[PDB]
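Asks: Structure of the sequence below:
(2 chains, ligands or ions: 2)
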Protein chains: 2
Amino acid sequence: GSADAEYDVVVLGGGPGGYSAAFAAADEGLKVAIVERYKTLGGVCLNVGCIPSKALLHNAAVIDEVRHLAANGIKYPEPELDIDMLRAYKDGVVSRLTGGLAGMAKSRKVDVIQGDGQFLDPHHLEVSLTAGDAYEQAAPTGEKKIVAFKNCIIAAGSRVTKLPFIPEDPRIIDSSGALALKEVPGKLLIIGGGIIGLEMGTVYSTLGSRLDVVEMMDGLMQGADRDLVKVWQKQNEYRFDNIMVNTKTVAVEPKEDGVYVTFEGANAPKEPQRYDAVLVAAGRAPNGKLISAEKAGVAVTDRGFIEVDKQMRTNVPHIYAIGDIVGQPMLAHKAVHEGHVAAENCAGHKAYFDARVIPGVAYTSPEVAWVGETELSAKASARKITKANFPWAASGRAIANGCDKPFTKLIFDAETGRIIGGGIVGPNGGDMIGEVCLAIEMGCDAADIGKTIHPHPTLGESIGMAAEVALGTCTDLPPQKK
Amino acid sequence: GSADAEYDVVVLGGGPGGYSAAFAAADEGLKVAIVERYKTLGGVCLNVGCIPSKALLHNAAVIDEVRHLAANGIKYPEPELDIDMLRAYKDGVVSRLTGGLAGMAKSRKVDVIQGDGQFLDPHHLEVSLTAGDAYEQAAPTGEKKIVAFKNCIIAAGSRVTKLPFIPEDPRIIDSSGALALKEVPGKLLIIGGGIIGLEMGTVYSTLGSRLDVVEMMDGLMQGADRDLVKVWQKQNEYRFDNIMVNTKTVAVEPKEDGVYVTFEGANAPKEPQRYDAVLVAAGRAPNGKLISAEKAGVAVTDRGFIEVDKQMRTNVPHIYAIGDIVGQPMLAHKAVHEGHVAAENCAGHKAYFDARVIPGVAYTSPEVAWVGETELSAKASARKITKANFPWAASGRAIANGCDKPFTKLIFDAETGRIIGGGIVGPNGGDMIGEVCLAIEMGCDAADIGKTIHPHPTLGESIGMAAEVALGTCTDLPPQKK
Ligand SMILES: Cc1cc2nc3c(=O)[nH]c(=O)nc-3n(C[C@@H](O)[C@@H](O)[C@@H](O)COP(=O)(O)OP(=O)(O)OC[C@H]3O[C@@H](n4cnc5c(N)ncnc54)[C@H](O)[C@@H]3O)c2cc1C
Ligand SMILES: Cc1cc2nc3c(=O)[nH]c(=O)nc-3n(C[C@@H](O)[C@@H](O)[C@@H](O)COP(=O)(O)OP(=O)(O)OC[C@H]3O[C@@H](n4cnc5c(N)ncnc54)[C@H](O)[C@@H]3O)c2cc1C
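Replies: Numbering: from 1, shown residues only, chains lettered A, B, ... in the order given. Ligands and ions are numbered 1, 2, ... in the order given. Right below this line is the structure:
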């Protein structure tokens, strides 16, 4: 008597992983509980990630297109920018959503327990109750609850990677800060050339900041095909002053007149630079090491992930781990899927994460979308492939929409001739790789996709046209292999 | 000696059908010729249809979205509209394209013969040479060429259906006129509630006209699922004064102060109406009866189509017919496909138009996209189906893009559980039905599509989510069948 509660399944984390696992299990007739330390469910993705970043990226995109339409004799002056209202519009999509999740848990009879959860023993969670209402600003009530579970689905995600040498200062922000829209910096450093920051960068440049980007690697959007990035970098090169790649951020020293940062590398200003703000978008760390997993017997990598098996099971058989905590690619769509397989095992169904392909998407302008085998992956595995690329320059619709600089690329298994990869640079790229994604899942071949009558004039049909080019049958492009 | 020429294949018409058939055959090593009465290839679709309509529809869409972004605190005044430049922008996508086709024929060594072609006998085309440079304004030179062919691919398309009682007047336009952009009428009647006019209508309303639409049928976009139209009609109802459906246009009498038209029906103004212009978008007639097909022995329906077999062959074995002339749905993507099968038969390969599904798309705002089985088709065949609908109201991305009023609908064979239909109301609908289209072609099932990891947050993933809803597994919506 005090604070103890018993459940079938207890999902630690109410992120995309967790509330999907939770509602699934729930859906199975299981008595489940979500232990979330903030009061809103949806995790990072709904609250300080996927959704506000993309709502923002969509406003920015429309203001860049009005810049273009002038030339079609459609004329507008610069727009009046209200960030109080911009800000609140984002907060609005988000709360609308968070409000619904909540409602959905109620309806599913799932219990949300607001509190940081820590493992007591293999069948007990110690929950240090928490109070607050704003995602990321929750405080421990001092009160504590003991929750017991048949099963436990660990879904505690990851968190912004902090660089050791970067000092604290209201002007050095991570993406939750950037998503704050406290103000458009006149000049913004972006540490890390990955999707998140380039996505952050794009909204700020279009709202007015001039950006600099530092990437320790050889390029931007590491992990996508450079041919695709090439197209993206060509079209946004004008948003940056300096695209400092293969460069080290060495000094970061805040001054009364802005944050002064020194870089080490090549094509790197030897003169320390000044910015009115610096966005640290250096990566994300999984939180396995912060839940006292060792008390449940759960094994955690030194890097912080919980390796798990195709069933989402950890070394502890009644304990499953899903989402970013489990491994790369850290993406909400990945997490919802692992989320359903672990909930099903919990309900005693035997489920394997069996999907062979997971989509990556920079929702920049243009969007860079890819799946399955990539030329580099292939080149790494020295897998032997057949890529079929269809230029949008040939597409009536892209020409009409003024995006003929992009293209659709389909890659095939040179032995089987089966599709195993897909890349799309261009508006809606992410709305279109889902067909190269079912394609790969159905083990389709170029004749499969190509004889599919895609509608015209559209961007969508370049998947088909890329297929005919594979078949050497495209009559919208110069003849192939005469 | 005078004007005679011999070819393997002679394609009558340089439309989407024809130049695809022509470049294909050509591609087979065949000696081919395109007989086109205008000087630009691409036919109606490139020149007075698909492409200019969609280039126009894309400018209009961006000006309606800026109307919306205010509310996100992004503020613009009305735009300055330059129709001389608008006009020329459209003409620009188009000529860019027409210029390339041309270049492509040259490169493929195909001969374009500019002249109206008429059948002499089963192996002879009488070409009455023609002169002009503007699509639809070509004039007969009086000179004539006799072209002989192994094979002939008739691809002569269709033409705007003229209503008998409508008098002539610069103010009564068909879609080539509307595409002229001579001026935004203050008031525009639209005869016919089909896709073409509603597409025309949308650009004009957004450029400023107030529209009225008359449809003899029970509704708009006849042929799509009413649930989809419902969503479209709800969101554009404010563009019309009168959506006169189930109504007859009886009088159409031009006056000094605009075209006065009387309608017969219900909710039909008993007072004859005045418009500064009337767009007759009543349908399109195929041209089989206008090529002296009877001289090749080719049989033509009284309606004007050339019925043909899965090989594109007409009753005359060495004579094939493709595109709108052959039958509904008259769509450029249909024509390119029939186009390749007839070219292949010509090269002695045995080819069947074997695709089971062809996409229809109103590129309005929102776009209404569908394929395969529709509820009405099903309800007609009394086929037994399983529809899975996913509301965009639940979609983070649609909410963020402000299109949560639309949805994705997947329909399944209730016996086999196979997908056989797909409908998408919403922006990019046409860029997304191609996956419900490969789906149907691969004979996928809800578990097939559903276990496909579509990327988030996107519009694209509602295909997947509609699938889980089929599976009763969607954890982004209230539980299904508790
Ligand atoms: C700016 C940004 C934008 C992004 N955009 C996208 C995108 O467009 N598409 C995409 O696929 N992904 C993108 N990501 C990825 C990210 O959203 C997803 O990978 C992530 O949400 C996956 O869900 P997750 O389940 O594993 O965990 P999470 O998002 O990380 O949620 C974990 C939750 O559980 C709670 N929690 C953690 N530890 C405890 C504890 N001990 N006790 C109690 N509760 C705890 C936390 O409060 C948190 O709410 C974005 C990320 C960022 C940072
Ligand atoms: C405004 C409008 C918009 C449209 N938008 C789209 C769309 O977005 N998507 C879509 O799929 N379809 C839409 N359509 C459909 C239409 O573009 C296609 O169905 C049509 O182009 C299909 O190609 P077709 O080959 O059969 O013939 P066509 O377009 O009709 O071409 C026939 C050609 O051959 C020439 N010809 C005809 N008779 C003779 C003769 N006797 N001698 C010599 N040459 C001759 C004509 O000059 C013409 O160029 C649109 C139509 C219109 C009117």
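Asks: So is the helix or strand containing residue A:91 next to ligand 1?
Replies: Assigned by DSSP states H and E, residue A:91 falls within helix A:83-107. No. Interface with ligand 1: helix A:83-107 contributes nothing (C-beta under 6 Å from any ligand atom), its closest point being 10.6 Å away. No exception for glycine: its C-beta is placed from N, CA and C like everyone else's.
Asks: Any buried residues in that helix, and which?
Replies: Across helix A:83-107, burial judged by 16 or more other C-beta atoms under 10 Å in any protein chain shown covers A:86-87, A:89-90, A:92-94, A:97-98, A:100-102, A:104-105.
Asks: Mind giving me the packing neighbours of the next helix or strand after it?
Replies: Heading C-terminal from helix A:83-107, the first helix or strand you meet, by DSSP H and E, is strand A:111-121. Packing contacts for strand A:111-121, counted by 3 or more C-beta pairs under 8 Å, 6 or more residues apart in numbering or on different chains; DSSP states H and E, involve strand A:4-12, strand A:32-36, helix A:83-107, strand A:124-134, strand A:137-154.
Asks: May I see the buried residues of the fourth one?
Replies: Burial within strand A:124-134, assessed by neighbour count using 16+ other C-beta under 10 Å, is assigned to A:124-127, A:129-130.
Asks: Within the sheet, what are the partner strands of it, with directions?
Replies: strand A:111-121 (antiparallel), strand A:137-154 (antiparallel) (DSSP bridges).
Asks: Just the CA trace of it, in CSV.
Replies: Below are the C-alpha coordinates for strand A:124-134, written out as CSV (Å, rounded to 0.1, in the frame of the first residue of the first chain):
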residue,chain,number,x,y,z
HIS,A,124,9.7,-3.8,-11.8
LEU,A,125,9.8,-0.3,-12.9
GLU,A,126,10.4,2.4,-10.3
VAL,A,127,8.6,5.4,-11.6
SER,A,128,9.8,8.8,-10.1
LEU,A,129,6.6,10.8,-10.7
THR,A,130,7.1,14.0,-12.7
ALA,A,131,5.3,17.4,-13.2
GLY,A,132,5.2,19.9,-16.0
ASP,A,133,3.1,20.4,-19.2
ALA,A,134,5.7,21.3,-21.8
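Asks: before we move on, the earlier item: which one of the buried residues of strand A:124-134 is nearest to ligand 2?
Replies: Among the buried residues of strand A:124-134, residue A:130 lies closest to ligand 2 (C-beta to the nearest ligand atom), at 55.2 Å.
Asks: you'd agree the closest one is up against residue A:142?
Replies: No. The criterion here is C-beta atoms under 8 Å, and residue A:130 misses it with residue A:142 at 10.0 Å.
Asks: check whether the host helix or strand of residue A:423 contacts chain B.
Replies: In this assignment (DSSP H and E), residue A:423 forms part of strand A:419-425. No. With C-beta under 8 Å from any C-beta of the partner chain as the criterion, chain B is not reached by strand A:419-425; the gap is at least 10.2 Å.
Asks: Please identify the pairing partners of that strand and their relative orientation?
Replies: If you go by DSSP bridges, strand A:419-425 pairs up with strand A:368-372 (antiparallel), strand A:407-413 (antiparallel).
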